[PDB]
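**Q** Pasting a structure below so you can have a look.
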Amino acid sequence: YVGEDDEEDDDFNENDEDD
Amino acid sequence: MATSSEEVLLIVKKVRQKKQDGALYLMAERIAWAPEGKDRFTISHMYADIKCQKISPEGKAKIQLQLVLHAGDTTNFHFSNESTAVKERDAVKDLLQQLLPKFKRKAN
C-alpha cells in the first residue's frame, strides 16, 4: 500500500514496545 | 558498526525485503540482508538505530518481521521460506529483542 508495499503488513505485532 | 558486526550470528533464508527475495544475516551489532542474485547486502541497519520490531503473526499468507526505527522508518522483512519462516521470524525477533536493547536507548 502507500509507503509499505511488500505485500501485506498490518497485523504486524510489536514486542519491543515504545522505545 | 565495523568490528564485531562483521560476523553473522543468525542466518535466515528466503526473505523478501521490498518485494525482493533474498537471505537475511544478523550480525553482532547490525542486521544485514542480501537480496537473491546479488553478492552484496543491500540491507544494513544498526541495532542502535532500531527503535522496536514487529512480527507478523499467523493468518497471513506469509510470516513477517519489521524493523521499526526511531528515525521514523520501518524495514519490513517478508519471511517467504515456508520451511522455517515462522521459527526464523521468531529467532530474528529473539536475537533482535536480545540485541536491540543492548545497543539502543529509549527516546524516553
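Residues in the C-alpha cells are named by chain (A, B, ... in the order shown) and by number from 1 within that chain; ligands are numbered from 1 in the order shown.
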Please provide as a PyMOL selection string all residues within 9 Å of residue A:6, with the sequence filter that same-chain residues fewer than 5 positions apart are discarded (counting only C-alpha atoms).

**A** (chain A and resi 1) or (chain B and resi 16-20+76-78)

**Q** Restricted to C-alpha atoms, what would the selected residues look like written as a PDB file, in the first residue's frame?

**A**
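Final output, saved to result_22.pdb:
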ATOM      1  CA  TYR A   1       0.000   0.000   0.000  1.00  0.00           C
TER       2      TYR A   1
ATOM      3  CA  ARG B  16      11.676 -10.771   0.828  1.00  0.00           C
ATOM      4  CA  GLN B  17      12.577  -7.173   1.503  1.00  0.00           C
ATOM      5  CA  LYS B  18      10.610  -4.629  -0.516  1.00  0.00           C
ATOM      6  CA  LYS B  19       9.135  -7.134  -2.996  1.00  0.00           C
ATOM      7  CA  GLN B  20      12.551  -8.778  -3.399  1.00  0.00           C
ATOM      8  CA  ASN B  76       9.817  -4.915   6.708  1.00  0.00           C
ATOM      9  CA  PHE B  77      11.100  -8.442   6.186  1.00  0.00           C
ATOM     10  CA  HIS B  78       8.813 -10.903   4.440  1.00  0.00           C
TER      11      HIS B  78
END

**Q** Kindly provide, as a list in words, the residues of chain B having any atom no farther than 8 Å from an atom of chain A, counting only C-alpha atoms.

**A**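 Applying the cut-off to the listed atoms yields residues 16, 17, 18, 19, 51, 52, 53, 54, 55, 56, 57, 60, 64, 65, 66, 76, 78, 97, 105, 106, 107 and 108 of chain B.
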
**Q** As a ChimeraX atom specification, please: all residues of chain B that backbone DSSP puts in helix (DSSP H, G or I).

**A** /B:85-102

**Q** Based on DSSP run over this structure's backbone, return all residues of chain B in strand (DSSP E), as a PyMOL selection string.

**A** chain B and resi 8-12+15-16+22-27+30-35+43-46+50-56+63-69+74-79

**Q** Export, as a tab-separated table (two decimals), in the first residue's frame, the selected residues with N, CA and C atoms.

**A**
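Saved as selection22.tsv:
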chain	number	residue	atom	x	y	z
B	8	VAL	N	28.28	-13.07	11.38
B	8	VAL	CA	26.86	-13.40	11.35
B	8	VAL	C	26.50	-14.41	12.43
B	9	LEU	N	25.56	-14.03	13.28
B	9	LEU	CA	25.12	-14.89	14.36
B	9	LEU	C	23.87	-15.66	13.95
B	10	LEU	N	23.08	-15.07	13.07
B	10	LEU	CA	21.85	-15.69	12.61
B	10	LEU	C	21.72	-15.61	11.10
B	11	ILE	N	21.56	-16.76	10.46
B	11	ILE	CA	21.38	-16.81	9.02
B	11	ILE	C	19.95	-17.19	8.69
B	12	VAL	N	19.29	-16.33	7.95
B	12	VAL	CA	17.92	-16.54	7.55
B	12	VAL	C	17.86	-16.71	6.05
B	15	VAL	N	13.94	-14.53	2.33
B	15	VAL	CA	13.33	-13.39	2.99
B	15	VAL	C	13.18	-12.26	1.99
B	16	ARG	N	11.96	-11.84	1.76
B	16	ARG	CA	11.68	-10.77	0.83
B	16	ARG	C	11.71	-9.42	1.52
B	22	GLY	N	15.52	-12.85	-0.82
B	22	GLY	CA	16.94	-12.94	-0.52
B	22	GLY	C	17.21	-13.71	0.76
B	23	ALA	N	18.35	-13.46	1.38
B	23	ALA	CA	18.74	-14.12	2.62
B	23	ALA	C	19.14	-13.08	3.66
B	24	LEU	N	18.63	-13.25	4.87
B	24	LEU	CA	18.91	-12.31	5.96
B	24	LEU	C	20.04	-12.84	6.85
B	25	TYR	N	20.90	-11.95	7.32
B	25	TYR	CA	22.02	-12.33	8.17
B	25	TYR	C	22.18	-11.33	9.32
B	26	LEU	N	21.89	-11.76	10.54
B	26	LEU	CA	22.01	-10.86	11.69
B	26	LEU	C	23.42	-10.92	12.25
B	27	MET	N	24.03	-9.76	12.41
B	27	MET	CA	25.39	-9.67	12.92
B	27	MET	C	25.39	-9.12	14.34
B	30	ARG	N	24.67	-5.37	14.05
B	30	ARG	CA	23.81	-4.89	12.97
B	30	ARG	C	23.08	-6.02	12.26
B	31	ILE	N	21.94	-5.69	11.69
B	31	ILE	CA	21.14	-6.64	10.94
B	31	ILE	C	21.37	-6.39	9.46
B	32	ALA	N	21.84	-7.40	8.75
B	32	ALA	CA	22.10	-7.28	7.33
B	32	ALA	C	21.28	-8.29	6.54
B	33	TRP	N	21.00	-7.96	5.30
B	33	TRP	CA	20.24	-8.85	4.44
B	33	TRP	C	20.71	-8.70	3.00
B	34	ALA	N	20.92	-9.82	2.33
B	34	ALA	CA	21.38	-9.83	0.95
B	34	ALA	C	20.29	-10.33	0.02
B	35	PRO	N	19.98	-9.57	-1.03
B	35	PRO	CA	18.96	-9.94	-2.00
B	35	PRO	C	19.45	-11.04	-2.94
B	43	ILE	N	20.83	-4.43	2.68
B	43	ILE	CA	20.23	-4.08	3.95
B	43	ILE	C	21.28	-4.13	5.05
B	44	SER	N	21.50	-2.99	5.69
B	44	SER	CA	22.45	-2.89	6.78
B	44	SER	C	21.96	-1.85	7.78
B	45	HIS	N	21.39	-2.32	8.88
B	45	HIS	CA	20.88	-1.42	9.90
B	45	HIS	C	21.50	-1.76	11.24
B	46	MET	N	21.88	-0.74	11.99
B	46	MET	CA	22.47	-0.95	13.30
B	46	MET	C	21.37	-1.07	14.33
B	50	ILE	N	17.54	1.00	15.53
B	50	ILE	CA	16.26	0.31	15.56
B	50	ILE	C	15.57	0.67	16.87
B	51	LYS	N	14.33	1.13	16.79
B	51	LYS	CA	13.60	1.52	17.99
B	51	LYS	C	12.87	0.31	18.56
B	52	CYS	N	12.21	-0.40	17.68
B	52	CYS	CA	11.45	-1.56	18.05
B	52	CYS	C	11.34	-2.49	16.86
B	53	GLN	N	10.63	-3.59	17.02
B	53	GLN	CA	10.49	-4.54	15.94
B	53	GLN	C	9.10	-5.16	15.96
B	54	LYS	N	8.53	-5.42	14.79
B	54	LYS	CA	7.24	-6.07	14.72
B	54	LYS	C	7.39	-7.44	14.10
B	55	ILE	N	6.49	-8.33	14.45
B	55	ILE	CA	6.48	-9.66	13.87
B	55	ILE	C	5.05	-9.92	13.41
B	56	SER	N	4.88	-10.30	12.16
B	56	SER	CA	3.55	-10.55	11.65
B	56	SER	C	3.19	-12.00	11.94
B	63	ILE	N	4.88	-15.08	6.73
B	63	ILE	CA	5.33	-14.74	8.06
B	63	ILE	C	6.22	-13.51	7.92
B	64	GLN	N	6.05	-12.49	8.76
B	64	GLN	CA	6.85	-11.28	8.58
B	64	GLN	C	7.43	-10.72	9.85
B	65	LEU	N	8.41	-9.86	9.65
B	65	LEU	CA	9.08	-9.15	10.71
B	65	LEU	C	9.36	-7.74	10.20
B	66	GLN	N	9.46	-6.75	11.07
B	66	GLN	CA	9.76	-5.41	10.61
B	66	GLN	C	10.59	-4.65	11.62
B	67	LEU	N	11.55	-3.90	11.11
B	67	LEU	CA	12.43	-3.10	11.94
B	67	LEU	C	11.89	-1.69	12.05
B	68	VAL	N	11.31	-1.36	13.18
B	68	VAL	CA	10.76	-0.04	13.39
B	68	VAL	C	11.82	0.84	14.01
B	69	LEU	N	12.28	1.82	13.25
B	69	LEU	CA	13.35	2.70	13.71
B	69	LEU	C	12.82	3.97	14.34
B	74	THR	N	10.65	2.18	8.80
B	74	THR	CA	10.41	0.79	9.15
B	74	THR	C	10.94	-0.13	8.04
B	75	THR	N	11.70	-1.14	8.43
B	75	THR	CA	12.26	-2.09	7.48
B	75	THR	C	11.51	-3.42	7.59
B	76	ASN	N	10.60	-3.68	6.66
B	76	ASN	CA	9.82	-4.91	6.71
B	76	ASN	C	10.55	-6.07	6.03
B	77	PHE	N	10.48	-7.23	6.67
B	77	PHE	CA	11.10	-8.44	6.19
B	77	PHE	C	10.05	-9.53	6.03
B	78	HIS	N	9.79	-9.89	4.79
B	78	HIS	CA	8.81	-10.90	4.44
B	78	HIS	C	9.47	-12.28	4.42
B	79	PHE	N	9.22	-13.08	5.45
B	79	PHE	CA	9.78	-14.42	5.53
B	79	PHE	C	9.03	-15.34	4.57

**Q** Hey, can you check how far atom CA of residue B:100 sits from atom CA of residue B:42?

**A**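 A separation of 20.0 Å between them.
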
**Q** Do you have the atom CA of residue B:7-atom CA of residue B:99 distance handy?

**A** 13.8 Å

**Q** Rounded to one decimal in Å, what is the spacing between atom CA of residue B:102 and atom CA of residue B:28?

**A**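 Pair atom CA of residue B:102 / atom CA of residue B:28 returns 10.5 Å.
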